[PDB]
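Note sheet for the following structure.
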Amino acid sequence: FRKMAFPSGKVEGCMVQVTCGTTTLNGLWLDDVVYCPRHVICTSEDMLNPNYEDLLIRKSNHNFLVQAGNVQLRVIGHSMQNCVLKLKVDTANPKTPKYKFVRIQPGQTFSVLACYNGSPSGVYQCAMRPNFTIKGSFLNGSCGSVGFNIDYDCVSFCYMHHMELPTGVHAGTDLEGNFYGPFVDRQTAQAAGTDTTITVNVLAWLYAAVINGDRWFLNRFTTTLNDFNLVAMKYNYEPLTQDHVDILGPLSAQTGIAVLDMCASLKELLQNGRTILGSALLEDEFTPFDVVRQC
Amino acid sequence: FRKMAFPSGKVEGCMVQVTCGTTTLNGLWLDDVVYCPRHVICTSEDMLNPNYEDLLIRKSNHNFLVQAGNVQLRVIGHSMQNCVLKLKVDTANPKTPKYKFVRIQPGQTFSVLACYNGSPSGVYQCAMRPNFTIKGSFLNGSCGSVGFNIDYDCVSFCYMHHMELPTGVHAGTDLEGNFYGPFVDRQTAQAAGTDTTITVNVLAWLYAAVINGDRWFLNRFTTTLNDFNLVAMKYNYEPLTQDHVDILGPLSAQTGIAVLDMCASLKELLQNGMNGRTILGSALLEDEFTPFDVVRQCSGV
Ligand SMILES: *C(=O)[C@H](C[C@@H]1CCNC1=O)NC(=O)[C@H](CC(C)C)NC(=O)OC[C@@H]1C[C@H]1c1ccccc1
Ligand SMILES: *C(=O)[C@H](C[C@@H]1CCNC1=O)NC(=O)[C@H](CC(C)C)NC(=O)OC[C@@H]1C[C@H]1c1ccccc1
C-alpha cells in the first residue's frame, strides 16, 4: 500500500508557460482558454499589496506571452475572475481532455502536477486539510500548477497553486479563482486556523493496513459512536458521523470488520500508541475512495 | 518536500493489454514490439513449476490478444528472452517515446506506472532495495507494469513487475528479462536476503530537511567515515564510502554542512532515537530519496 497519484498524461497536455513582464508561471490551456494566477501581472514592488484591477488595466493582450513548447499562442482576450486570469487564445488545445471544474471539500485528496516554465517536473498526491491548506513541494515558478482527480477519462480540476504560508504549507484556488480558506493572493504573513485530523481517513487507512497484512491493532473490544467521539475530541480528531460510517461501509464489507470494531482499535491506538503499513504515525490523507481504488 | 514520481504521460501511451487464455496482464509497446512477463502463457497448474520453453512451443500468435485502447493489435511473431516475452505486432506505436533499457543499481529510485488491463491507474516512487526487492503496490493483473526514469527527454525503462514474495515485497526484471536478485518466475516460496538501509539516501534526506527548515538534529560534532561505519554496521546501515561522500558534495555545498558533520548527526539519531520529534514530518528515517532525487526537487529540474 502506497501513496499514489493519478496518471498525469492528460494534464501534461494542458500545461503552458505564461509570461508577463519579469514574471513567469504556468497556465492551464483548455479549449481556447488559458487559466493562470492573476499575480502574474505583478512586479516586485506590487507583490506586497497589489490593486489587481488597476494593474490589469495597465496590461494589453500583447503583454501576455503564452508558450506551448516551440509555439507561441496569440492572446486575443483577457478577463479577471476572482484570483485567476482567463486569457482567450486564437487556438484550441487539440489535447483538451474531457474535463470539469469542481471545488473539493476538505478531507478530499487530489493529485498535483508540479510544473515550471510550463513543463511538468513531478507528480504527487495531496490532501486538502480541514484548515484549507495542503502540504506540497512548490518552489518559485510553480504557481499555475494544478490539482486534479480522474474519474474515467474525465479530468476534474480542483486546485491551482498561488502561495506558501509562513508555516511552509500551501494555499491556492479552485479554477474559478476562489481561494480555499481565508487567504488572499498578496505577499503578507497569513495564518491558517488550527488544523485537525481527518478521522474518516485514519479509519480507511486502518482498513488498508488490515487488507494488506497489518493486523496487530485489532481487538475483541468494541465501542459506540458517542463513546469514540469523546476520545477523538480529546486528540483533535474530527468527530465521526453516521455519514462517515456509511462511507466506510464498503471497506467494512471486504474485511468483515464492523466500522465500530475498527473505531475500538483507533481509540486504543490513540490512548496507548510497532508500525502500521511501515509508518510510525497514523496516516490521515487517504480517503475511503483512495483505499478502495488501490485494493 | 515530497515523494514525487516523474510525469507519466510518455509511458501511459505505451501501455497495452496482453491476454493469453484466462491470464491477462499489461505489456509495454515500443515501436513494433510488445514486452510483457512470460508467465502470461501459464495456466493454474503451470504456475507451480512451468517449463516455459515447452509452454511457448505449444502457443501460436493467435493465442495472444493485445488490445491498445479500443484497437486490437495483430501479433505477427513471438520470441522469448530470459523471463520476458517479445510479441512483434503489425503496427508501430506512434507514441513511442525516445527510450532506453537500463539495469539500475540497488539504492537507485524510479517511478512505477501501476496498470490493470493495459490501463494506468496510478503512479508512485520506489527504490531498488539493496536485496533487490521493491516495496510496491501491486495486485493481480498488475504484472507488466514498468518502472522508469526520465533524463533529458529519454525514458529509461529499468523495471517490469512479476511477483510478490512471501513477505509482501515485490520482484521483477529489467526489460531484457533478467530478474533483479535471486528470484525466479515460479509459484514458490522464495527468500530475499536481509535488507539494509541505504545510508547515502538517508543523508540526502537529512539535507532535504535542513533545506526545508528542519534543523533540530544538527550538532556541532563531526566524525570519520571509519567511526561512522562502525555505528552504521550496528544498526544495519550500508557502509559509507568516499564515493558516497562526493555524491553528497553538491548538497553539502548548498547547505554549507559538511558530509561528515551530517554523518555525526545521523550517528546521534541512530544511537539516541528521535526523542519524539519528527523530521520532514516523519517519525522515522527515510531512505528512498537519492541525492539526485533531492536536487531535482529542491531545484525544480
Ligand atoms: C508562484 O508564483 C509562487 C509560489 C511560492 C513561491 C515559494 N514557495 C511557493 O509556493 N507564489 C508566490 O510567490 C506568492 C505570490 C503572491 C501571494 C501574489 N507569494 C508567496 O508565496 O510568499 C511566500 C510567504 C508569504 C511569505 C512570508 C513568510 C513568513 C512571514 C511573512 C511572510
Ligand atoms: C502479476 O501477474 C502477478 C502479481 C502478484 C500477484 C499478487 N501480488 C502480486 O504482486 N504475479 C503472480 O501472480 C506470480 C506469477 C508466477 C511467478 C508464475 N506469482 C506470485 O506473485 O505469487 C504470490 C506469492 C509468492 C506466493 C507465496 C507466498 C508464501 C509462501 C509461498 C509462496
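Here is how names work: the chains are called A, B, and so on, in the same order as the sequence lines, proteins then strands, and each is numbered from 1. When a ligand or atom number is given, it counts from 1 through the structure's own listing order.
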For [X], the ligand 1 atoms whose distance to one of its heavy atoms is below 4.0 Å:
X: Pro166(A); value: 28 (C), 29 (C), 30 (C)
X: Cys143(A); value: 1 (C), 2 (O), 3 (C), 4 (C), 11 (N)
X: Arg186(A); value: 17 (C)
X: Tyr52(A); value: 18 (C)

[X]: numbered ligand 2 atoms lying under 4.0 Å from its heavy atoms:
X: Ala189(B); result: 30 (C), 31 (C), 32 (C)
X: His170(B); result: 10 (O)
X: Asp185(B); result: 17 (C), 18 (C)
X: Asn140(B); result: 6 (C), 7 (C)
X: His161(B); result: 4 (C), 10 (O)
X: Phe138(B); result: 8 (N), 9 (C), 10 (O)

Just to be sure I'm reading this right: ignoring hydrogens, which of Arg38(B), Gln190(B), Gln187(B), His162(B) gets closest to atom 20 (C) of ligand 2? Compare them by their nearest heavy atoms.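 Among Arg38(B), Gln190(B), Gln187(B), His162(B), the closest heavy atom to atom 20 (C) of ligand 2 comes from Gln187(B).
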Counting heavy atoms only, which of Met47(A), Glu164(A), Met163(A) is nearest atom 26 (C) of ligand 1?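 The residue whose heavy atom sits nearest atom 26 (C) of ligand 1 is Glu164(A).
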Are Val16(B) and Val89(B) side-chain neighbours, meaning at least one heavy-atom pair lies under 4.5 Å?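 The answer is no, as the side chains (C-beta and beyond) never meet within the 4.5 Å cut-off.
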Taking all non-hydrogen atoms of both residues into account, name the closest pair between [X] and [Y] and its distance.
X: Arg2(B); Y: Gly136(A); answer: CG-C, 3.8 Å
X: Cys36(B); Y: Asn26(B); answer: CB-O, 3.6 Å
X: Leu87(A); Y: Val66(A); answer: CD1-CG2, 3.9 Å
X: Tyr52(B); Y: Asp185(B); answer: OH-O, 2.8 Å

Side chains of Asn117(B) and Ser119(B), donor plus acceptor under 3.5 Å: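 Result is no, nothing qualifies.
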Summary of salt bridge (charged side-chain N to carboxylate O under 4.0 Å, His left out) pairs that have at least one residue in residues 162-173 of chain A, sequence neighbours excluded: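 Sorted pair list comes back empty.
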Considering only NZ, NE, NH1 and NH2 on the basic side and carboxylate oxygens on the acidic side, decide whether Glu176(B) and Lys86(B) come within less than 4.0 Å.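 A salt bridge is absent here (no side-chain N lies under 4.0 Å from a carboxylate O).
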Which one holds for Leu139(B) and ligand 2: side chain close, backbone close, both close, or neither close, with close meaning a heavy atom under 4.0 Å?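 Near ligand 2, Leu139(B) shows its backbone, while the atoms from C-beta on stay back.
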At under 4.0 Å between heavy atoms, which part of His39(B) makes contact with ligand 2: side chain, backbone, both or neither?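 For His39(B), the contact with ligand 2 is made by the side chain alone.
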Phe179(A): ring pair (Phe, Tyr, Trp, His ring centres under 6.0 Å) partners, not counting sequence neighbours: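 With sequence neighbours excluded, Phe179(A) shows a ring pair (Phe, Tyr, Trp, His ring centres under 6.0 Å) to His162(A), given in chain and number order.
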